[PDB]
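S.K.: Enclosed are the sequence and the experimentally obtained structure.
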Amino acid sequence: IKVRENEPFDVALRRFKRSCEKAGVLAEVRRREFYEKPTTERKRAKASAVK
Amino acid sequence: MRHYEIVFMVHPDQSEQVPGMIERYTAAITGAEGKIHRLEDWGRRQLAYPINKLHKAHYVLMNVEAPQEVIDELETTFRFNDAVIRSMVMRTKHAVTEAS
Amino acid sequence: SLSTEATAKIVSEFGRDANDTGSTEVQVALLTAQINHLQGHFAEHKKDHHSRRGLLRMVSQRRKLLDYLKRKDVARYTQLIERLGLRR
Amino acid sequence: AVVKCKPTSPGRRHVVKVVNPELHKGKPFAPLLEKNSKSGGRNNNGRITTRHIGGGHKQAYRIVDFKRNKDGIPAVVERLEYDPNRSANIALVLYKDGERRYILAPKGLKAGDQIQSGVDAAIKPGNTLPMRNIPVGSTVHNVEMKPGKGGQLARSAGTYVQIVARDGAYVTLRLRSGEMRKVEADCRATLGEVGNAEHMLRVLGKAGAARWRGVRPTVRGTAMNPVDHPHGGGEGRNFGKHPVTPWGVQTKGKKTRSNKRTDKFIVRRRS
Amino acid sequence: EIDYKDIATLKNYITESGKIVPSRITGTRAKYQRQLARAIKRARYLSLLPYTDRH
RNA sequence: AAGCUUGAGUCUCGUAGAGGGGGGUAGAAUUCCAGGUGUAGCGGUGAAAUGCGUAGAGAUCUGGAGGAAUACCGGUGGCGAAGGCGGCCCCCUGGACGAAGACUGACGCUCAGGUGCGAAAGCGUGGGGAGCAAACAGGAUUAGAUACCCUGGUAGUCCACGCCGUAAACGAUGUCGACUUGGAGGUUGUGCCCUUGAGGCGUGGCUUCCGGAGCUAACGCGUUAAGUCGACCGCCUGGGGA
RNA sequence: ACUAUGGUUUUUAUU
RNA sequence: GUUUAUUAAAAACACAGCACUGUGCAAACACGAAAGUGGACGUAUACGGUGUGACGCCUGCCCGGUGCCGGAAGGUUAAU
């Protein structure tokens, strides 16, 4: 990726590249690893903004 | 019947004729067997934009219980009168009486 | 839909005991009063198909009840039409 | 109301008619029936100048009240009637004091109903309440803009003037001509719409009805001899030229105006 | 959904130009935003908040 | 010809919704008109030209005129039998659901014939005309073109009132009845949280993805089934011709 | 996401 | 229905309808040295003028030219 910018910022957020596909796919989706770490531990992670 | 707050913006210099309007607003709901719970004051307030060369308007608020099959025919009273703009009936929203 | 006033006026007529909400007669009378509450909401313009289908749905349920009442008891149907608004 | 019938006999095909059971079946109120006498249609030389002019049978007029000024006196509607000159209809009214008068018909009001006059009257059609008391969007009926001239504006079936902008002592009227006329609210203003709003339902029908109308058909210039129409001919069927009137003048694309003296009264031109 | 007359809360979701601030930059949820916009619309019709700065 | 009940229904107080029908009322960007301030470019592409100005366009300022959908929120979200349905505000309305009592007493299901209903365009009388646009004047294009591309643009989309009944009308799954097997999200009630809490852990409704029994040539369907058979209807028996 | 072109359209082969 | 009174009665003339074009009402229009007269107590589906002919189903191509209107600068050009 690619994809054209629509909100101007001079510094990147590392939000869309290599984090994001390489790695980011087919390793967390649907019950992979599970136990508590990809869902329940994050439901117990406090946030001062939504999330 | 349903609860209505009934809010409308009155010209601030007509505040001495408003008691004469309240006199016949009360008659137009008590003749319909409805009930009033405030109908006294919400003060003269500053607007977010000027109108009719002024920057304030007077607010009364009615806070009533009325038959909603005539609540639009009752709205004609504020619409023929030149002293009033943008009248709106404002239904329920946890009204000031609640069958206590 | 039927008002609290119009509901009570049926339950206090098409009964035989104190507050008796089941009799087949009161089921048919309430459906006929729901057609009186339909006035001013049906037959204004060709653009609405809902309230004629609502009338036909209440009429379908009223037929399902009457077709049974006049087969099981007979006399309770020919008597109900003398105190309910039907045909005339 | 309107009534219509399918074919039944030779030449009696599909037909349409307009009918009103609430129109008075009797005679006009005789004190207010006036002959509507005509000077004869002769020009300054004692001869007729207008081609094929005629009709109707008598055209006698039912006066109509356009000079009334009344306050606090109520009145009742007695009739719905016709006048042979117009499409507006008339209503016979009885004042409760009292006098019988013909009013230019208000719509939304029938016989056996009561109206008031002037400042203590409600905002209902026919109540003639002051035009300086009513909001924009009100339908004012027949206007009168020159005091004492008579029933100016809204003179045809289902017509009305509407008030669209107030300026203190003044108000602007939205006209059927597309105009934006201004006045100091000193108008007769009966309140409502004119007549019964069914004159458009008419069809006239058969060509023999043109004799009652007093109107004789226009003829094609090609269908004349060369001495009684400029287009007259001529088995070639063609004029070799742009089309003209029987007087030999062109008019297509040729705009005509003579008024130069209402420039302060003109406000808006129709789109 | 409950109030439109006390404007102290509604001024927290509009700019000095009277324009509505997106939920994605206020830590606010969208099912709130959808009704905070209704409270702002109610308070605009009350003439106690501005519609547009044209005006 | 009567009785019962776990089918199927009645009444009271609460839960969510762009479902439908009617009235009250604001915005954003685009388009024309008048006079100012008055200038040489303004328009369109993959490319190019018609357009548009020297008789003064485009743009900008204050007015006047005017149409269509309501943009953001809008979702791996609601609601509707479906086709479809989003600015606020007020009434009326078919279904679905929480929950304590009391009443019917098999009142249930399907359906030939019949009958109800448009995303669309077509019939048509009078209004409307900014987006977009078949038709259409042109620019072209090219060897050619009637097309791709571009300037302008009618029917039509919009309004009142009626006819037409169309489609891939695809949710690939007739309408009804009672069963089967786990996980995880969303959405809405409800019990309890000194609410890590765009909630949590159970329990009712809806629903989406993954997945098991069974069924399938294959896709997979997968409790809302392409499974299990029970009611009733519609329809079939090599392909083309049709 | 990172730079335009559009047409002609094999016959015997297989004994 | 109107039509060659005495050789010619039809297939011509015209109606709801389609379209162009003049008219916002002191209208347009016709007539008028002048008073005015009609249009008209009508008011845009109402009025004036010309094509085409109800109904049903359609509406080719052409603006070089003559005519007509718009664009208004310039030229020639009379009163002055």
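M.R.: Sure, I can see it. Numbering: from 1, shown residues only, chains lettered A, B, ... in the order given.

S.K.: secondary structure class for residue C:34?
M.R.: State at residue C:34, reduced to three classes by DSSP: H, G, I helix; E, B strand; the rest coil: helix.

S.K.: Please work out how many residues are found near it.
M.R.: 19 (other C-beta atoms under 10 Å in any protein chain shown). Just so you know, the C-beta spots here come from the backbone N, C-alpha and C atoms, and that holds for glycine as well.

S.K.: show me what contacts it?
M.R.: Applying C-beta atoms under 8 Å, 6 or more residues apart in numbering or on different chains, we find residue C:34 in contact with C:1-2, C:58.

S.K.: run the last query once more with 6 Å
M.R.: C:2, C:58 (C-beta atoms under 6 Å, 6 or more residues apart in numbering or on different chains).

S.K.: measure it to residue C:66 for me?
M.R.: 15 Å (C-beta to C-beta, to the nearest Å).

S.K.: Equivalent analysis for residue C:6, please.
M.R.: Applying C-beta to C-beta, the value for residue C:6 to residue C:66 is 21 Å.

S.K.: Just want to know which of the two has more residues nearby.
M.R.: residue C:66 (18 against 14).

S.K.: Next, the buried residues of whichever strand or helix holds that one.
M.R.: Assigning secondary structure by DSSP states H and E places residue C:66 in helix C:50-72. By 16 or more other C-beta atoms under 10 Å in any protein chain shown, the buried positions in helix C:50-72 come out as C:54, C:58, C:62, C:66, C:69.

S.K.: what's around residue 11, how many residues?
M.R.: If you meant another chain, say so; for now it's chain A. 5.

S.K.: not what I meant, chain E
M.R.: Per other C-beta under 10 Å, the neighbour tally for residue E:11 reads 13.

S.K.: Check the secondary structure at it for me.
M.R.: Applying three-state DSSP: residue E:11 is helix.

S.K.: which residue ranges form the helices in chain E?
M.R.: Using DSSP state H, the helices of chain E run over residues E:30-45.

S.K.: Spell out which parts of chain D neighbour RNA strand G.
M.R.: Taking C-beta under 7 Å from any atom of the strand, no part of chain D reaches RNA strand G.

S.K.: Identify the residues contacting the residue nearest the centre of chain D.
M.R.: Centroid-nearest residue in chain D: residue D:156, 3.3 Å away (criterion: C-alpha atoms, centre = their mean). By C-beta under 6 Å, 6+ apart, residue D:156 lies in contact with residue D:87.

S.K.: Would you verify that residue D:17 is located in a strand?
M.R.: Yes. Under three-state DSSP, residue D:17 falls within a strand.

S.K.: for it, what are its contacts?
M.R.: By C-beta under 6 Å, 6+ apart, the residues touching residue D:17 are residue D:3.

S.K.: Any idea what it is bridged to?
M.R.: When bridges are called by DSSP bridges, residue D:17 pairs up with residue D:3.

S.K.: how close does it sit to residue D:161?
M.R.: Using C-beta to C-beta, residue D:17 is found at 32 Å from residue D:161.

S.K.: which phi and psi does residue B:35 have?
M.R.: Backbone geometry at residue B:35, expressed as degrees, to the nearest 10, gives phi -130, psi 140.

S.K.: which residues sit in contact with it?
M.R.: Counting by C-beta under 6 Å, 6+ apart, residue B:35 makes contact with residue B:65.

S.K.: Identify the residue of chain E closest to chain A, quick one.
M.R.: Closest approach between chain E and chain A, counting by C-beta to the nearest C-beta: residue E:27, at 3.3 Å.

S.K.: Please tell me how far that residue sits from residue E:13.
M.R.: In this view, residue E:27 and residue E:13 are 12 Å apart by C-beta to C-beta.
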